[PDB]
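In what follows, one protein chain appears twice in different forms, each by itself as structure tokens: structure 1 and structure 2.
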Structure 1
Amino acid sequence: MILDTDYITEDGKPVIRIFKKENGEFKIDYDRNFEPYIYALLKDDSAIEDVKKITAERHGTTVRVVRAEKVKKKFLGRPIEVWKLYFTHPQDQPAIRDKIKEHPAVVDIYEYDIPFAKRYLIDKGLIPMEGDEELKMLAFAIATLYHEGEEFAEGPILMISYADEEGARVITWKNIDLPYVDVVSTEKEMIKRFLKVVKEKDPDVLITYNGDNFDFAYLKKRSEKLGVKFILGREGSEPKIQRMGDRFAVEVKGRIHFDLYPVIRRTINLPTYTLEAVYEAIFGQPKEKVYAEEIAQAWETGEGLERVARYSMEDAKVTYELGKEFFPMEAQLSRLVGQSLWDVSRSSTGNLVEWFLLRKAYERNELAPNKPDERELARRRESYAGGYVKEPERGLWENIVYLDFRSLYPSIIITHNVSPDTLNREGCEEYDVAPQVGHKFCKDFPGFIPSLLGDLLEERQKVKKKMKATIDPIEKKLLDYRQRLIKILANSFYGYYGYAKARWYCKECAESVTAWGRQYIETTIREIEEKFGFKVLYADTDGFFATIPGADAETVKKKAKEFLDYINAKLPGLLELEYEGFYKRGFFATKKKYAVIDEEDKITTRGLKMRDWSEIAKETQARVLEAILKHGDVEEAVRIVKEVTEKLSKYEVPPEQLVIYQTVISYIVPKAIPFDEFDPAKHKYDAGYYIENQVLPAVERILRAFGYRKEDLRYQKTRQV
């Protein structure tokens, strides 16, 4: 299988290198015949001879146009004839492209900023990570000596740890009596020892946590300081450090540097992204943190080195465990988009869809539109109307059904053929008109993006059905990842349409999807109210909560299923309303804030989780929510708040339930102090603060839906007037 591609220069000519792993054998294939090129639209074909003589200079070397060739392509459906301009080296393109564009006879230029190695994968039809090859992985981490006022890597590396299927080990240059610690004489010997491990193990994947911005950079400065050749690459190269905006990225040639940090940063939402917090959230097991001060103190005093070595070992162990959990998913994402695992794992949603579209456009001989210039980019900052949000019906509701559209926005794109190549296309016999915005979309032929979206949904069904027949549980998990990633990719087209930097940006397409969405959700609401007597309690972009106030649970279920049969026969194309779930009771506090409970007694809460909060505020909110959702007792929920505020005012609440966590700082507010130093016998907490700034704000938002003000929840201080 293909791992990655790049290029080196030999005598001024680019040489593509294809890194492959076939039958357990690492291979490098070379291609010296791939020519870099760009397209040029000319107003007069006779002018091509003047364009061929355009020259530029890179670094003393004179840049010229090797040859030109007139080709026929499509541009947003319409046929086009453009000039394919060939060059010697891909770096010639940034040097002459501006001079070619500024030439009077040149209308515009296209596909001039596509990286050579990525242009190769697309043009050759090569797909990375495709096949049944098993990759050998190795995780690693480092521990360093830190002092407050010193430069980067001014202190030596104290330890280097690594982990794989064989277990985790630590290399250090001090005596630590642990079975997994290997003791060498110096820091230089420790680094050299690590290089031998990587060389002997020969892993296909090197797994780190923030290795892009710390580990590799620290090792590099240290090897330079000590005179060590940091050859980690399979071709004897040192790790290549690149600039990715305000951060860095590292690639180890011949292998895949899998940095878990950017991956987990996009996949899950956590308050902090320390290795300890990430591991505890994904595996549900704790991990102790050992800070730089403790490691420096332990190394200088020589006491407590077992704790530092154990921390170093756990870093490599958990990085390997997390890598084992997230790498197969990233491999399926890589194979789907058609780009290397290295790039896809570090790429944003907008870049992932663009690379998928770039490949599909090449397959269909479709000329790709350019990225926007600064002027066009400023024009695209105008926003549009989004989803519809109904103001919720106050009060507690019984027997609620949640109905929503199956993939509303992708269904709209496919059903109404929403695409820049079908937008206001004159000469068609059939059109679909977007409500409110009025954009017309030709229905005579399938559009570029709706056709790809249709192929994605078809491919997803072909992978869902292959899962059911697969006996191999490893292959089933892999297919589950591909199927999930196709759903995520399909649901990224809408946002991409309104992404100002996108090549296939189309505000008209984006606002037409939301206008159609607003129409389908609003018409279905009036339909269920007028023809079925339902009360719609709350609705967001693609779904709504409804009930029949004077009806039993079986009655509401039956009528909801009858309504579904009714509207689904009226909905066009792929649009489909579904029965998402039934809820015993629920309250809709404000827009985006609500809570429901199913027949199993599982409570689902949105917008109420909420920042640094004391355990007393979290406890009372949960107690209030439970009284309302499980007991159906709103008056009990108010008494709980009155009881809590009364206990706080009379100082009957233990200080342990008043700690606020925000390094995590654990403090308590006095009548501003770390909780370790707080003494109830000497000091007094601010009862007013914990009532007015903690308990009441957390609960008020919930009880406001039932008609209670903040004053309706404070302790009844009896004023004997």
Structure 2
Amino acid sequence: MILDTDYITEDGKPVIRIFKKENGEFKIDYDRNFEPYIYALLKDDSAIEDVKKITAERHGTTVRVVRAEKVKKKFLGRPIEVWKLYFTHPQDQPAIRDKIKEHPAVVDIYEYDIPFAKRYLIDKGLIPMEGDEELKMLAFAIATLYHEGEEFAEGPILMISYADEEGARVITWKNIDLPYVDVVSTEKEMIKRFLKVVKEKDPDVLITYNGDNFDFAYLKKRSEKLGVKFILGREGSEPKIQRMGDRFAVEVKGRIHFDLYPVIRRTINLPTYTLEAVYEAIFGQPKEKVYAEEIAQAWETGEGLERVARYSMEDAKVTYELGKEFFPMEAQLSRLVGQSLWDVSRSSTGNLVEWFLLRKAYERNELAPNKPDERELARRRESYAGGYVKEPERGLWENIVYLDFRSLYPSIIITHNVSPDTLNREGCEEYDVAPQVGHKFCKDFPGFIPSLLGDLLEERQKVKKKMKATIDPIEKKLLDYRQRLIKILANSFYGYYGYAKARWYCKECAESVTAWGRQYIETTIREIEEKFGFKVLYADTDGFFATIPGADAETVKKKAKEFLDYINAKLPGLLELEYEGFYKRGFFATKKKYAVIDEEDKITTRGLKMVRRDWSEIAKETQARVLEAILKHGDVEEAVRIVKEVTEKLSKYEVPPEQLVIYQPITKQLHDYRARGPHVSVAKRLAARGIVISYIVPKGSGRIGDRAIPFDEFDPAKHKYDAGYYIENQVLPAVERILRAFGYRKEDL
């Protein structure tokens, strides 16, 4: 299979290198016959002789046009004739493209900013990560000596850890009594030892967590300081560093540097992206953090080195575990888009669609529009109206069905042929008009994007049915990832339409999709109300919650299935409404805030879940008790009494102080925490003396931080906690947000 492609220069000529892994053997294929090129639209074919003679200069070397050929391609639906201009080297393109554009007889130029190695994969029809070849993976992490007022990598690397199927090991230059620790004499020997491990293991994938902006940069400065040839590449090369905007990225030639940090940054949404928080959210298992101060203190005193070595080991271990969880999904995404895993894993949603479209455009002989210039880019700060959100009929409801459209936005694009090449196209005999915005779309021929989107949805169905018949559980997982990734890519076409940097950007297309979406969701709602007598409790963009308040659970289900048969016969094209699920009870607080419970007793909450550690146990316990009384018992007046009971126990000081302790970690220098937080205030009082902050809020005057004390110093016989604080700032805010819709103000409890 193909891992990646790049180019080297030989006698001023580009040579493509294709890195492959066939039958467990690494191979490099060379191609010296791929010519870089750009298109040029001319107003007169006679002008081609003037364009051929246009010259530029890179660094003394004269840039010339190698050869030209007239080709017929499609552009905005219409057939067009452009000149394919070939060059000697891909770096000739940025040097001469401006001189060719400025020529009077040149209307415009196209496909002039496509990286050579990526242009090769598309033009040759090559797809990376294709097949069932097994890649060998290796994760690694480093521990460093940090001091407050020092430059980057001024301190040495203390430990280098690595992990794979054989387990996790730590290389260090100090004696540590642990079975997984390998001891060397110096930092130089530790680095050299790590090089030998990578060379002997010969992994296809190197997995890091933030290796793009820390690990490789630290290793580089250290190898320069110690005189070590950091040959990580399979061709004997040192890691290549690139600039990605305001940040960096690192390639390792012959292998795939898989940095988990940008991948997880897009996949899940978390408050922080530390390795500890990420691992705990994905695997649900805790991971202890050992700070730079503790590491430095342990290394200088030689005391708790086992704790440091164990932290180092866990870093490599969890990085390998996370890499095993996210890499197969990103590998299938790379195969789908048609680009290397290195680029795909570092590209955002907008670029992924663009690369997919660029490959398809070449296959369909479709000339790709250019990126917007700075002037046009500033003009594309255009916003528009989004999805429809119904104001919910607040309160507790019984026997609720959730109905939603199968791929609403892609269905609209296909059905109404929404595309920049069909937008206001004159000369057609059939059009579809978008409500409110009024944009017209030609229906005479399939548009470029709707046509590809139709093939994607069709391809996904071919994968779904092959999964049912696939005996092999590993192959079923592979197909499952591809199927899921097609759904993700198909649902990204809409956002791409409103993406200002997009080649196929079209605000008219984007707002037409949302306008049609608002129409279909609203028409379906009034249809179920008027012709089936349902009450629509709440709706958001592509689905709604409905019920018959005076009907049986089986009666609601039956009527819902009958409604589905009815509207699906009336919906045009690919639009389709589906039965998502049935819920025994449901509480709808405000727009975007609600909670439902199924027949199994599983509760789904969207809004103020409050599963955080920076909130007292008393507040979290009461909230759970309230939700249970509402969703399991359907007793609203019981949920109220529970809050009244808790506030009465808090006011009479009958609640144990252990369920009032708040735990908060110090992650930065005390001078940098100028938020006057209670945990920081407690920490500053500790630092004021000679020598996770666990504190309780006591009864007194001043700010919360002025009252707060560590729980170790709290004594029920000498001190009194702030009953008012735990009622008004902890319990009531957490519960009021749920009971709010009933009209139960804070003073009602």
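When a residue number appears, read it as a position in the sequence of structure 1, where counting begins at 1. Basically, rigid core = biggest C-alpha set you can superpose within 1.5 Å across the two forms.
Novice: Can you tell me whether structure 1 or structure 2 is the form solved without the DNA?
Specialist: If we ask which form is the one solved without the DNA, the answer is structure 2.
Novice: Considering only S345, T620, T172, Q339, which residue exhibits a C-alpha shift of no less than 2 Å between the two structures, with the rigid core used for superposition?
Specialist: The answer here is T620.
Novice: When the two forms are laid on each other by their rigid core, does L357 show a Cα shift of 2 Å or more between the two structures?
Specialist: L357: C-alpha displaced by less than 2 Å between the two structures.
Novice: Compare the position of the CA of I142 between the two structures after a rigid core fit and state whether the shift reaches 2 Å.
Specialist: It does not, since the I142 C-alpha is displaced less than 2 Å between the two structures after the core fit.
Novice: Does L648 shift between the two structures by 2 angstroms or more at the C-alpha, the core having been superposed?
Specialist: For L648, whose C-alpha is compared between the two structures after core superposition, the shift is 2 Å or more.
Novice: With the core fitted, just quote the Cα shift at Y689 between the two structures, in angstrom to one decimal.
Specialist: Value for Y689 between the two structures: 4.1 Å of C-alpha shift.
Novice: Provide the displacement, in Å, of the CA of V699 between the two structures, taking the core as the superposition reference.
Specialist: Its C-alpha shift, to one decimal, is 2.9 Å.
Novice: After superposing on the rigid core, what is the C-alpha displacement of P262 between the two structures, in Å?
Specialist: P262 C-alpha displacement between the two structures, core-aligned: 0.8 Å.
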